[PDB]
């Protein structure tokens, strides 16, 4: 019966609407733009308050791995979907589960404030502008799905004399089409996934392209092992077990091996200076091809930028530059929340399970999609929303404010705790762990041990095979029937789209390639 306000109709938004309908609540979803998707909807223009995309973007997480747990991608969809097709997939999810009804478009959420009675009612005043007409309205609970990656980050201090530059420059955000660097001399600043992608793209046309890193980065292909989507090999329960039950110094060294096995990162000048602190690995299939053919060349860091030129640290050659692209990442904020509710300190909101603000008397505000997992946002946001709406409904319950506030402070001090691939800093989180924590909380986590006795086929395909989101809706509330069939047909769909030419499962694979061989008994 509870009335839920959903802020934004992005991936996270749609999941909330769906998860609301599903647990029989009344969702009202306020989108500020004129259609759903947020990011995944490519427009020509940059809309403010709404994440922006370049025309060439394709998913850096694979098809059967980054779909809503109860809604696979079509069979005819490529293993890594372009922004065009990703949007269609979202408009399909929206159509299917009848979500379009509940969305009000061109509706900025100007403010969400506790009701005066909140301490007893647990309600919210949601002020919403539409055709320049403010309109207050009371809601029983609010789910915020603004995500991040809309607010650009561009620290001009950090690039001395960029003011003096007489060429043109801009943030990745403002980038749409590669025409603009036809024959120009291009410097892409920051080896962000966006950076690398643009640099590579520029190389197609531009006379010269330089990609200025700072730390450097590890770089891997979508293609990965045997033409298998990397994630369908890497993000599997079994592997995730190995990594997490194995000392940081090893796994990090062990990764460098599996990253260099493509190309010696040292020779290409990508090698991160600081090992043992593995930043998000870059996902680009072209880069090396560009470096070896000299269409893109990695440069160490901007030392200073001149009238019509740039100088890099430890780099004697001053390089003439026409265009500078700052792929320097994005910040995030909540203008409609007050500081009393959500903090936004050090790229982090201080939320219990990166959702609930963990001091509020009543748990009736949820933040969906403010997390940086080791896997796709799509299922995380959804699996987030499942455990969320059931707190708002009161079917599940948060532990005491005393337990949440102190547990949050443990993750907030970014304490490495060694062993498992140290989870960086801000919104750090293992994909499988965080999902299993939440599936537990709503009693959807399948009993794998039991599974093995009852159904052994499925049991193994879930542990050794790719941790596909289907295996979330296998048992518990929201259980999907097709789930089992979907999990076992996993690879059949993954190969139908690549195998466009005939000739005359794929359980585990070769991630732990010099590992399972190296760490097998020395029987004395």
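Positions refer to the first chain, counted from 1.
In this entry, 247 to 255 shows the higher mean Cα temperature factor of the pair 247 to 255 and 140 to 148. Between 335 to 343 and 95 to 103, it is 335 to 343 that carries the larger average Cα temperature factor according to the deposited entry.
Of all the options 435, 186, 296, 448, the entry's greatest CA B-factor is assigned to 448. Looking at 410, 351, 127, 198, the one whose CA carries the top B-factor in the deposited record is 410.
Ranked within its chain, residue 306 lands in the highest third, by CA B factor from the PDB record.
Split the chain's modelled residues into thirds by C-alpha temperature factor. Residue 286 is in the lowest one.
Ranked against the other modelled residues of its chain, the C-alpha B-factor of residue 213 as given in the entry falls in the middle third. Residue-level temperature factors show residue 279 in the highest third of its chain, judged at the C-alpha atom. Residue 174 sits in the lowest third of its chain by CA B factor, as recorded in the PDB entry.
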